[PDB]
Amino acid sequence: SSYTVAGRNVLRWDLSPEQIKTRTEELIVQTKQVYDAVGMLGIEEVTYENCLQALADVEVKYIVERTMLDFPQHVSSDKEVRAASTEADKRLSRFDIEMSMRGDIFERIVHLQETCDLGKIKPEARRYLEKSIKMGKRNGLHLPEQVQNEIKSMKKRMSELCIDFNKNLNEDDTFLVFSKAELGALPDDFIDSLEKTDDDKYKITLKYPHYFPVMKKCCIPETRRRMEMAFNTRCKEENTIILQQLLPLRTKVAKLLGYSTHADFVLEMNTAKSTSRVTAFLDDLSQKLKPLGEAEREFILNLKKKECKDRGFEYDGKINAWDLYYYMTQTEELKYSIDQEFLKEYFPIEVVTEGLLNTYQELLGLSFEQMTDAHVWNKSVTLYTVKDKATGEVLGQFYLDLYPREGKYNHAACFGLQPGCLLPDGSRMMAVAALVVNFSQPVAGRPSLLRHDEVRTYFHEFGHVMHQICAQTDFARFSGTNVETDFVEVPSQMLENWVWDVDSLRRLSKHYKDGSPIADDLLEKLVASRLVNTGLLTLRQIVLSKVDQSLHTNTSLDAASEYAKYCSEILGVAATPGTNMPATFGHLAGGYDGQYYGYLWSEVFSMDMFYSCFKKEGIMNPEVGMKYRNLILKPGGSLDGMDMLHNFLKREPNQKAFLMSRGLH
């Protein structure tokens, strides 16, 4: 029932390695049975029922079962379970290519579109047909048989390369050993949580909860340099070899399909549409940010010269890569009086979660209830049921997986586990999502204390969760966050604005010790500090976007050299000789290839909506929130990103708010 929860989450998280292997085989056999049955139909016999509906049905069944098999590699604490899951992901990804390349299916979907009364089928069914045909042409199914076999072979290889690329980074366990003195200015609660060695030194890993604290706060330049050298050489040799195969393969299939570059190929599926629009977008933003980057680099260099003088260190006269985070942190402390380590005392994780959940219950018209004795993949994971506040409709459930552990996905992400689409019997499937982040553990007898940037990440990922749960579509392939890649960051970055509002920040904070609120003075400074270091921070994102475009435009370039080129030309901070940041650039292998610009591209839209609609009417306004839910989140991928923006804004979006939000107007 749309108003019950029992039995609607069919996901199981107690699978052994053998069951993951067995279920993978069974899923492939059963799913191929449907595709073979459709392909056996005479072309004159295809109907909506025996072709489109049968395919839509097996698509929702397949993707939910696939979730139980390819998700454990990210969260299970059992290493053999993670391996069986990665192995299953390899098999099912090859199977996905096989089924997508079937010419007998393509011809029947084309015949169906050409012969059915398109005015009399649901708009999303019309979209299903045209998107399926477009995908078929992007797999070469309209081209001769020899080129199809060639594309299929390269797709399978590219899939194994991408999975290996991210697997290498995910399982890397590099660590460095530092004495207490070499960790100067790092706080006791950080140092006491480190693993000790026999020589009374400390182990520091390259994971994010170790790397960035050292880079932000350690006052020993040699310590920062060694950490940066190691962090930006992770998997250097094996992932360089992968890129030297993967990037040319992307160019070759793109050229076989008729596209000039791989970037042209992927841009066609994005709201930006063309690579020349991406180039103009990045280059114009870079020009506007240039004087900001110059002023920030000049202030950082003066800070470094003073600190090297006042402490006796040597002064090389430049900003090295391992100096950037340290002096950006200094800039924030000096110009906005923000001590992140003091501020985190006011964001204990239970207070943040409560405030986060209450904010979006009120704004989006939802109610969240935590489930007791929930079936979860790890003891620390919690489960929540999401109901529509007004009607009681059970929209979905989400898991919160908040703390680090060995073998866990070590960045931040939201995973769609069940689509909120229609089922074979006409009922609606309950959406399921998982928020997977690595927040600080409770230490020193205190609860987990979140820095403001962790609160921001918490809101960012919860925006994705809300997109996955509120989206309701007829077809699984348009469900959840299956929008354009340069549009999927719109709902996540949208919610970030609620952590830069004074009244909202008051509801998110309470001192862990005495329960007191943040002082009004510090609250105002925290909100005003949003633009601190915005020049170099945004210029760095432009570097990454330009590098991603370039590697997928000219496939002959040395990746490390092209990264170094844009660092000095755009960021003004040279890449460390001997590093290879692209070899660690997991976005290149995780669905953001040629599309990393989409983060900045999305932020234009989210800033336009927040400024034009939420700041104007009040950011907790329930009917603006409901319009946001209905017009941006609820359609999922069943509408073009630009159509949903137009539906919400009642106009074309523009850059005015984004520029104002950055200090550029």
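Heads up, when I say rigid core I mean the largest set of C-alphas that superpose within 1.5 Å between the two forms. Don't overthink the numbering: it's just position in the shown sequence, from 1.
Engineer: Relative to the presented form, and with the rigid core used for superposition, do the C-alpha atoms of 380 to 388 or of 115 to 123 deviate more in 4 other deposited structures of this protein?
Structural biologist: Comparing 380 to 388 with 115 to 123, the larger C-alpha deviation in 4 other deposited structures of this protein belongs to 115 to 123.
Engineer: Report the stretch with the higher root mean square CA deviation, pooled over structures and residues in 4 other deposited structures of this protein, choosing between 500 to 508 and 551 to 559 after a rigid core fit.
Structural biologist: Between 500 to 508 and 551 to 559, the one lying farther away in 4 other deposited structures of this protein is 551 to 559.
Engineer: Read off the CA B-factors in the entry, average them over 393 to 401 and over 138 to 146, and name the higher stretch.
Structural biologist: It is 138 to 146.
Engineer: In the PDB record, does 254 to 262 or 485 to 493 carry the higher mean Cα temperature factor?
Structural biologist: Comparing averages over the C-alpha atoms only gives 254 to 262.
Engineer: Highest recorded C-alpha temperature factor, please, choosing from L194, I469, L282, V376.
Structural biologist: When the deposited C-alpha B-factors of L194, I469, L282, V376 are compared, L194 is largest.
Engineer: Which one of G103, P577, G355, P72 shows the biggest C-alpha B-factor in the PDB entry?
Structural biologist: So the option with the highest C-alpha B-factor is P577.
Engineer: Taking the chain's C-alpha temperature factors as the reference, tell me which third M660 falls into: lowest, middle or highest.
Structural biologist: Highest third - that is where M660 ends up once the chain's C-alpha B-factors are sorted.
Engineer: Sorting the chain's modelled residues by C-alpha B-factor, tell me whether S602 ends up in the lowest, middle or highest third.
Structural biologist: Tercile = lowest for this residue's CA B-factor.
Engineer: What third of the chain does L649 rank in for C-alpha temperature factor, lowest, middle or highest?
Structural biologist: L649: CA B-factor falls in the highest third of its chain.
Engineer: Going by the entry, which third of its chain does the Cα temperature factor of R629 land in?
Structural biologist: Bottom third by C-alpha B-factor.
Engineer: Divide the modelled residues of the chain into thirds by Cα B-factor and specify which third, lowest, middle or highest, holds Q245.
Structural biologist: As the PDB entry reports it, the C-alpha B-factor of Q245 lands in the highest third of its chain.
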